[PDB]
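Encoded as structure tokens, the structure appears first; notes follow it.
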Amino acid sequence: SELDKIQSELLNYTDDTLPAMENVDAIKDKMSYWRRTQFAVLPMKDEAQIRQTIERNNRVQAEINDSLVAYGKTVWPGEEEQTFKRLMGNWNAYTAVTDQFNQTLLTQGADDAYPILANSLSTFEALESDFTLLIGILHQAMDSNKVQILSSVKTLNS
Ligand SMILES: NC(=[NH2+])NCCC[C@@H](N)C(=O)O
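In structure tokens:
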């Protein structure tokens, strides 16, 4: 039925597309904040406050990771899954860098830790661009959903 088409298009939008977009957006926001806290721990002088912040940053990393893993269970085939797979590769790359940064910040200090982040921009930028492309895919899905919904309501003008 034309009316069930409206309901299903709406349900896909409200219960699949929007939660995807909200989730990826929130993960990107958290990742971006987490990234700045990695630089934020470098001017720090007290080694116990450095330790603390790295622990908190690692907690956020795992949250990001858990959210990514959960989000990857919802991805649709095609460009999104492909993009998400790439993102997970760059995420693992970046968390490998991050674990090296943390190990180096905890051991040698910010002077020797800062280059890990500074020289690994291509690793982080690739991660960022995967989020951007993923957000682009979901933005496209949202607008395509809205077009579908608006289209399916044409039956009510009959
Ligand atoms: N759920 C998810 N992670 N991806 C699919 C989101 C867009 C899909 N509902 C659509 O194209 O309508």
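If you're matching positions, the sequence shown starts at 1052 in our numbering and goes up one per residue. Built from N, CA and C at the ideal position, the CB exists for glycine as well.
**Prompt:** Among residues of its own chain, excluding the 5 on either side of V1126, which ones have a beta-carbon nearer than 7 angstroms to its beta-carbon?
**Reply:** As a working note, residue 1126 is residue 75 in the sequence shown. Excluding residues within five positions, the ones whose Cβ falls inside 7 angstroms are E1132 and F1135.
**Item:** the segment 1087 to 1107 / the segment 1156 to 1173 touching (three or more Cβ pairs under 8 angstroms)
**Value:** yes
**Item:** Spatial distance of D1076 from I1101 (CA atoms)
**Value:** For the purposes of this step, residue 1076 is identified with residue 25 of the sequence shown, where counting begins at 1. For the purposes of this step, residue 1101 is identified with residue 50 of the sequence shown, where counting begins at 1. Taking the straight line joining both Cα atoms gives about 28 angstroms.
**Request:** Can you have a look at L1201 and say buried or exposed, based on whether 16 or more other CB atoms are within 10 angstroms of its CB?
**Result:** One-based indexing of the sequence shown puts residue 1201 at position 150. Classification for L1201: exposed.
**Message:** Between the alpha carbons of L1207 and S1059, how many angstroms are there, rounded?
**Reply:** Within the sequence shown, numbered from 1, the residue matching residue 1207 stands at position 156. Within the sequence shown, numbered from 1, the residue matching residue 1059 stands at position 8. Each residue's Cα considered, the two are about 16 angstroms apart.
**Asked** Counting along the chain, where does the alpha helix (DSSP H) carrying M1082 start and finish?
**Response** Here residue 1082 refers to the residue found at position 31 when the sequence shown is read from its first residue. Segment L1069 to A1091, the alpha helix (DSSP H) holding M1082.
**Request:** State the Cα-Cα distance for the pair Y1064 and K1197, rounded to the nearest angstrom.
**Result:** Within the sequence shown, numbered from 1, the residue matching residue 1064 stands at position 13. Within the sequence shown, numbered from 1, the residue matching residue 1197 stands at position 146. When rounded, the distance between both Cα atoms is 8 angstroms.
**Asked** How should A1071 be labelled, buried or exposed, when 16 other C-beta atoms within 10 angstroms of its C-beta is the threshold for buried?
**Response** Stepping through the sequence shown from its first residue, residue 1071 is reached at position 20. With 16 or more Cβ atoms within 10 Å of its Cβ, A1071 is classed as buried.
**Prompt:** Sorted by chain position, which residues of the same chain lie with C-beta nearer than 7 angstroms to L1184's C-beta, five sequence neighbours on each side aside?
**Reply:** Translated into positions along the sequence shown, residue 1184 becomes position 133. Cβ within range, chain order: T1134.
**Prompt:** Residues in its own chain within less than 7 angstroms of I1188 by CB, not counting five upstream and five downstream?
**Reply:** Position 137 of the sequence shown, counted from the start, is the residue given in the question as residue 1188. Contacts found: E1130, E1131 and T1134.
**Prompt:** Using the rule of at least 16 other Cβ atoms within 10 Å of the residue's Cβ for burial, across every protein chain shown, is residue 1232 buried or exposed?
**Reply:** Residue numbering for the chain in the displayed model covers 1052 to 1209; residue 1232 lies beyond these limits and cannot be assessed.
**For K1124, three-class secondary structure by DSSP** = Reading the sequence shown from its first residue, position 73 is the one you call residue 1124. It is helical.
**Request:** Go to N1170, then tell me how far its alpha helix (DSSP H) extends in each direction, as first and last residue.
**Result:** What you label residue 1170 is simply residue 119 of the sequence shown in a count that begins at 1. Taken as a continuous stretch (DSSP letters only), the alpha helix (DSSP H) holding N1170 covers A1161 to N1170.
**Request:** Count the other CB atoms, across all protein chains shown, that sit within 10 Å of the CB of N1143; report buried if there are 16 or more and exposed otherwise.
**Result:** Position 92 of the sequence shown, counted from the first residue, corresponds to residue 1143. Exposed.
**Message:** What would DSSP say about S1203, mapped onto helix, strand or coil?
**Reply:** Your numbering for residue 1203 matches position 152 in the sequence shown. Residue state, collapsed to three classes: helix.
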